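Asks: One structure coming up, written as structure tokens, with questions to follow.
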Ligand SMILES: [Mg+2]
Ligand SMILES: [Mg+2]
Ligand SMILES: [Mg+2]
Ligand SMILES: [Mg+2]
Ligand SMILES: [Mg+2]
Ligand SMILES: [Mg+2]
């Protein structure tokens, strides 16, 4: 998996590759790694896929209740504290590793979080098996005060680095753009640089190719 | 106090539930009207001081994106039910199915909560009746009343609280099964105008609708399959607008 | 590991206004084949669930889901849809995060309202494979991946989908010591479901 | 008549701030038979009058050893006395096992107080309806304590509790200057005690059957005399 | 006043129609039957004194100590049902130890005051207990100097220059007030000791029928290094002689 | 990690490197190991980042509660709270924490709490993987009652050397200054400290 | 039962709650809270007649958090029970959610605890009215007040006490005239002065520095005034030469 | 890895005569090759003419003797100072020991 | 003292149970009639306004599973609690045995829950009476009632709620020991017609009968218009 986060002058951008792997096998070639905690708070996950998805949902649910209760827009720091405290309580055994990004009434935020419950903050971050390739790009091309279009390009280049160089990563780029003062902009398959070429033939069998012992109608 | 405080009397009636209803009957009028393309729920905002800011309180509450509620009776009982109702929608439904509960089942959970207060040791029943307006994909629009007993009934239209007898009557005359949301809103206003003693504007009236999905209230774009919320509360401005050209 | 003691496979595929789901019939204990009739595919209303892995959990999950869906139908007053059932399976599995059922479930079905074909897979703790061409599971999942990626094409008619998912299952199974020993195939459309028992090698 | 409205439980003050359930508990002691305690600087002594149910029955024990250097006598509810003296035995024992330390009599009284107090402030139970006279010999010498149902424990040179106990208590006040000086002379301290309890007899006499005596002091472990052991003093 | 609140004075934590808790006020009547106790805040410390009634000559002198220490730096004296007083001090000892365990520094006096207060008011919350039948005078030295407090059966407490409770409290308060008026520049600890003895002596005229014994303690920066100590030996006798001269 | 805290004439200064590694990968090159738990009570973190963040968080909560109830907590009290958490959970923490504060009476204070949860008040303290290399340097260069500038220099020189020898240390040098005048944050970049 | 525990009377009323309201006037002192442009001021009478008291320990104002102040109308021990609870809630909130508890959120929370005592038989209501103030990071200057019924609401301004209708009407009149919902002064001192002046007016009494206590919320913190600062305020409004 | 057990050496010896019994022990207490004490008694008079030694891990031995002496104290409280007979002491010591069957006193007891 | 729910009166009577029964005698009437080849459940609705949403509700009859339904009389919210435990009990039995639950076994369990509240715990009893209609292969078609006493009995025909004695009399009059499910329907409608204090909007109706297509058992919760069309054909139009 390759996920990154990139802050820009007026918001934050999050991005991920789209390959999920059962061992050295690809189960899903067009998976969705960009999850919504709340309308303007989004997160990308690596590590144990079930933990990443479950913990996303748990906090999202609670953030929603919190928001309804307090009559306030959910804050990224709230997702942060709730997640890290939950992950810490479980002493690493929930193998979630997340980059969480967002905008809220206090501004725009970017955090990473690891299974044991530790968190970092910065202007650009990466996680997952392809994070070294992505971080090499970020370390080469980041600059302060990116425009939206520049942070999209940079984050998208970083995911690409993992797609091309990390066997753990592949297929497409997904981005979400969270700008201050606007609706979060989720771009599913922003890039699709890995379409299968046309096969050499169709493998449709002539009807009756397959031997049947018995047949019957099932009633729903 | 590990015993029921609601018990049967020789006439078979349960006093604490009856007295709970009395509290409800004493509350500010609120009402609901079901249209063909929506539902409306409404109430008056009696401010118990002019120095109070009534906007900081909300008698009409969003429960899910497609379900809202209003009440007559004891406000704090209501506030607390609202908190419980939002949570049970996540804990017994959304976290299992990844979907918000349909209206009738969420009504059913709140009913359970209220029934329990009429049987468990050491507690009085809730002193509110709720009207609950919702939409769901397989039942469409609905409207329910829940009582302190935990009983609930589906309505085409009804009123509760102080001026409910006249309001139910007014609603009987004006209601037909072809109202569009806008008719139902209009009728709700005319109805609330009888009950309202004192000021009557967008600032003493609370009003919400369950209607069409609002993609503009979603907060994000990109998932086209993602439905906007059907619940919307009307602004002060929007309510006054209708009031002038009443 | 528990997920390879009993053996067996499941595969599901989408086609034009149809879905299909298939499984082998084997239940063994390591190298000893024991049952020649252990089907791995169940249904709750119009939603199909296939399950590979530890046979005792296969059976347990079935009963658990029949239980849950029956209550659903009673309370909701309508039968559960494949999308909703998929989430239910996920959360039921995750509930046992640290002592999981050793299974690889697969869901197939057609939404009664959209008429849209639906499939999904899960890891043993509920992670959802949202993929919508094919889903594979079991001790020959490698073989199945290979067969499906090769044989599959989208929008097959049911009669053609039947040949495709059959050949995928049959050929994957014959390269796996722990799978095979018979098979069943369901072709599912809106108004009709056909179950078929395939002829295959018995070694 | 008015008291009737405020005396239902130990958790209710009367309008003058009485706890009648605790006051009633005090009355339970008067249903017991008399017991006396007294002391000098070297010894502490208990004397009890034991009751029988009739001529076919035994006489009921009134004196309970709690440790080598501590014991008590009781008047009132027998079960209560069993509960509170077992509690004391446990506290003495705890002091020994953990600290290799004899529980001071003053500390024994405080522990007893706190336990009884709790019964007077919470709904559910009742005050203890028994009186205890506690004697001991610790690092600060010889001691006598009186325990009340209210939990209150008082350190005294001498006292008496139970039915008709006023006579003995008057005699002990009257003889105070003398008995507190009986040092190195245990039989003489006992004689003073028997004499005191005698003031509480009404047309009845002290016998080898009804008279119980206890003593503790310097080099003298807590010892209980009954039966023929009391004859020399009769 | 209606001293007896008929129908509302039969169980603790019940509000009378005028918003009183009669059980708490009754608990106060028991405090008023207790022996007199006082506290005097002085320049760098605090002093405590109590009247001890010699009910019988059978009491052994200088035993039956009433003033209690909490931690090493706090004194407590109370009037009323003495065992309620020990009960409260036991709680204070745990609270103090618990504070000292987490935070290392000895519990500050206002912090200690509030622990006792919350515990005492917690006993006005439920009918399953009764209020404390003591008023407690207590305090000591901390990083902020000398502090003296009095705490009533209601849980109410405040800081004081001088405090008196028990049977002879009116007399004592009057002398405490003269003392205040007469010493705007302050009172040394030694002075406060003597003055305390005088005051207990004057208050005793309410229990004049019985003899009494005087008990005095203090906590002072210069005299006891901010630890609680019982006033004994010459200083005690000097105060006893002084009190008697008046 | 290379963390230290140094009392001086006007208060106390905390210093730290900014490197967090997992394996040989620098997961964060600009970590902020200088963590605030009250106004003029801060701490330096070494060990498991999950553990030290989790500890500091709960300690900040305890001191917030302390403040609303009892008033301003002392530096010692903060060290007490850390110690209690580190000692009691010793079997499940890897935390090496230096607690440092200012107040008007003591001026600057420093308490180091090593693995295991013992606590030691000191005129200065060094900790973390990188501190081993600077024991001799710090011993020979520390004086009591240095000025602010002399103290900044001592730490800059100290941590520069620890960063030089320790693979687990590097990045920028962070400093926090606690005095009567308030709280000041400093930063020094490789091109400055690497020349000393 | 219905005169003793929180169960319904036949008129659907809760007597113990009603009686709990009566308790709130027992200390016979009034408070008022007013909002400025950028501050919130709370003011309450202070009556310390017994000369043996340390007046500096007599207070019905409490610093709940760095930003939230509270003033209570009612007996001090119920007052201090609530104050302790709110302080704990506010700390827990910051720990769990990673930001400072808003004033209205703390008020709602305490309102809910309060409604629970009206529903569960074994707990009695607190006999108190809690006025919460802050300059909230999102809502600006804020006043939220809770009662023994579990009710709360936000206020432009408010007053609580035996003479609360007097002070209330004094404020309403001013806010009618003024056409804004707060006092247009940036200086918290001028806002405090305003509040003292209008309380003097409504109660028909003058005040010395010992007759009141004052809390002030700003964006940075909530704080209380020493008797010395209060005096300085009293001088600012002195009309005699 | 905490080892809760130790070995303190020592040897004990009981012989019964017709109208007497003898319980002997050495007074040396050891840890590995060191001498902790040249005189630390390990045979104890427990009252009622009962003598006892619990030899091996001295911490368990002391604990066991302590518990037994206490057992006597309570026997006397319960039965008006009735002598605990030796066979009765033995059965009781059986129960003290088997009470810790899954974390035993690492000692050899003689009475 | 009759406030206390688990103590005997001096006549060995249980007051709260008796008063709960009084409450039920004021609820909407429910009938159940067993035919040779089916069962009929009918409930007259307590509440009537013209604004009540009569379709999409059914709040007196409830499916417990494919083979068993109940008719309620009493607090509807009380009922829902017990209905939900029953549906769960039926599913547990199916999960344990892989068979549908025998009607009497489901009935006995709910009766036991009701009984419990009468002997321990200090909580008021549920204010509901149930008529259970069900089929199983052991006993075929069955009809039971249960009440807050926790007692249950089997019936060939029965009523609960208001005017019960009037209803019982009519049923005693026109019940043949082996009728046909279509007649039992007619009888049910007539009997509710003779005691109503009667239109489709005030009725809920259900049947359990051999599907005739084929050999299987079917539960029909009649829709409002279905109730209309069956109200005319039996001459109550
Ligand atoms: Mg596999
Ligand atoms: Mg094979
Ligand atoms: Mg073979
Ligand atoms: Mg380095
Ligand atoms: Mg209550
Ligand atoms: Mg024997």
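Residue numbers (PDB author numbering), protein chains in the order written: chain I, 1 to 220; chain B, 5 to 250; chain J, 3 to 205; chain F, 1 to 234; chain G, 1 to 246; chain H, 1 to 196; chain A, 12 to 252; chain M, -9 to 101; chain C, 6 to 202, 206 to 245.
Note that the Cβ used here is the ideal one computed from N, Cα and C, for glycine as well.
1) Establish whether the CB of residue 68 of chain H and some CB of chain G are separated by less than 7 angstroms.
2) Count the other CB atoms, across all protein chains shown, that sit within 10 Å of the CB of residue 130 of chain C; report buried if there are 16 or more and exposed otherwise.
3) Beta carbons nearer than 9 angstroms to chain B: which residues of the stretch 44 to 63 of chain I have them?
4) Name the DSSP bridge partner or partners of residue 16 of chain C?
5) Using alpha carbons as the reference points, say which of H:23, H:168, H:184 and H:164 lies closest to residue 190 of chain H.
6) Report the three-state DSSP secondary structure of residue 16 of chain A (helix, strand or coil).
7) Alpha carbon to alpha carbon, how far is residue 21 of chain M from residue 30 of chain M?
8) For residue 15 of chain M, tell me which candidate among M:23, M:9, M:5 and M:24 has the shortest Cα-Cα distance.
9) Taking a cut-off of 7 angstroms, which residues have a beta-carbon closer than that to any heavy atom of ligand 6, in chain order?
10) Considering only heavy atoms of ligand 3, does any lie closer than 6 angstroms to the CB of residue 176 of chain J?
11) Where do the ends of the beta strand (DSSP E) carrying residue 186 of chain I lie?
12) Pop quiz: residue 2 of chain M and residue 100 of chain M are said to be a contact at Cβ under 8 angstroms. What is the actual Cβ separation, rounded to whole angstroms?
13) Which residues have their C-beta within less than 6 angstroms of a heavy atom of ligand 4, listed in chain order?
14) Is residue 181 of chain J near ligand 2, going by C-beta to nearest heavy atom under 6 angstroms?
15) For residue 17 of chain A, is the beta carbon positioned less than 6 angstroms from some heavy atom of ligand 5?
16) Considering only residues of the stretch 153 to 218 of chain F, which uninterrupted beta strand (DSSP E) runs meet the minimum length of 3 residues and lie entirely inside it, listed in chain order?
17) For residue 117 of chain H, which of H:135, H:73, H:138 and H:92 has the nearest alpha-carbon?
18) Excluding the five sequence neighbours on either side, which residues of its own chain have a C-beta within less than 7 angstroms of the C-beta of residue 197 of chain G, listed in chain order?
19) Measure from the C-beta of residue 209 of chain J to each C-beta in chain I and report whether the shortest distance is under 7 angstroms.
20) State the start and end residues of the unbroken beta strand (DSSP E) segment that holds residue 227 of chain C.
21) Let me check you understand the geometry: is the CB of residue 134 of chain A closer than 6 angstroms to at least one non-hydrogen atom of ligand 5?
22) I'd like the span of the beta strand (DSSP E) that includes residue 92 of chain M, first residue to last.
23) Whose C-alpha, out of F:3, F:27, F:133 and F:47, is nearest the C-alpha of residue 207 of chain F?
24) Which runs of the beta strand (DSSP E) at least 3 residues long sit entirely within the stretch 36 to 111 of chain B? Give them in chain order.
25) Listed in chain order, which residues of the stretch 44 to 58 of chain H have Cβ atoms closer than 9 angstroms to some Cβ of chain A?
26) Counting Cβ pairs, one atom from each stretch, are 3 or more of them under 8 angstroms apart for the stretch 17 to 27 of chain H and the stretch 228 to 237 of chain G?
Replies: Straight from the coordinates:
1) Residue-level contact by beta carbon fails for residue 68 of chain H and chain G, as no gap is shorter than 7 angstroms.
2) buried
3) 57, 58, 61 and 62
4) Residue 16 of chain C pairs with nothing; no bridge assigned.
5) H:164
6) coil
7) 13 angstroms
8) Of the candidates M:23, M:9, M:5 and M:24, the one whose C-alpha sits nearest the C-alpha of residue 15 of chain M is M:5.
9) M:74, M:75, M:77 and M:78
10) no
11) Counting along the chain, the beta strand (DSSP E) containing residue 186 of chain I begins and ends at 184 to 191.
12) With a beta-carbon spacing of about 6 angstroms, residue 2 of chain M and residue 100 of chain M fall inside the 8 angstroms limit used to define contacts.
13) H:163, H:166, H:167, H:169 and H:170
14) yes
15) The answer is yes for residue 17 of chain A.
16) 153 to 155, 158 to 161 and 211 to 217
17) Per the Cα distances, H:92.
18) 49, 214, 216, 239, 240, 242 and 243
19) Limits of chain J in this structure are 3 at one end and 205 at the other, which puts residue 209 of chain J out of reach.
20) 225 to 229
21) yes
22) Residue 92 of chain M -> no beta strand (DSSP E), and no H or E assigned at all.
23) F:47
24) 43 to 48, 65 to 68 and 71 to 77
25) 57 and 58
26) no
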